[PDB]
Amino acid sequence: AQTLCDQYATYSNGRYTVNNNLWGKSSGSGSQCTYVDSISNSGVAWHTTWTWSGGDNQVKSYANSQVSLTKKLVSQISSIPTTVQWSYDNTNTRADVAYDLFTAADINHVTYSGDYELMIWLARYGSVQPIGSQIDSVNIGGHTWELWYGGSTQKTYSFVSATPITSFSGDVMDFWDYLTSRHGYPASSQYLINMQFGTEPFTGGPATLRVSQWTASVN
């Protein structure tokens, strides 16, 4: 496609969307550009480049790819298969690489937040930590995850890999099933309303996240 350097620059082919999404710009100084490298109904390749300083513990952006979905109750979803291959050239930073999903009881809730948020951090760089506190450790889909929980009006579970997973194939229903069966997650009254993959920088740079393939589907 082309070039996404504006704060909320965005490109979409229908099924996949790529977003620069510099929502946390004010918390510091720096700049960030995102690019669509290839896109089709079989997946999307993209990259984003950034430098950020200040606000050491605020997130500056979440450049991301996003998949269109039909909004369903989590209890009625059969699978959310996803695969991704990515790399960072500069890992001397304070950032994460993560999936981000939102659910809400109101099917028409705004799709950039919700009653619940599920994050799956494939990589944690430097002195950064998820929302809330670590409440558990669990093996899901063949990887060991720190499980973090916190938040007030929006409750956020974060599964965190202590070692970066640059090649990932999974089913996000594995994570919803675990929260449903062991942490009381109300799957039967929550609608899944958004699914994204991308990177949250805190500080560092310049660095580039190169996503050579992201695929996702909500079934």
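Residue numbers run from 1 along the displayed sequence.
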{"item": "Per the entry, higher mean C-alpha B factor between 165 to 173 and 147 to 155", "value": "147 to 155"}
{"item": "Stretch with the higher entry mean CA B-factor, where the candidates are 41 to 49 and 22 to 30", "value": "22 to 30"}
{"item": "Per the PDB entry, maximal CA B factor within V84, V97, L73, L101", "value": "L73"}
{"item": "Third of the chain, ranked by Cα B-factor, where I140 sits", "value": "middle"}
{"item": "B-factor third for the C-alpha atom of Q58 within its chain", "value": "highest"}
{"item": "Entry-reported Cα temperature factor of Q2, expressed as the chain third it lands in", "value": "highest"}
{"item": "Position of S68 among the chain's modelled residues by C-alpha B-factor, lowest, middle or highest third", "value": "middle"}
{"item": "Cα B factor band for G14 (lowest, middle or highest third within the chain)", "value": "highest"}
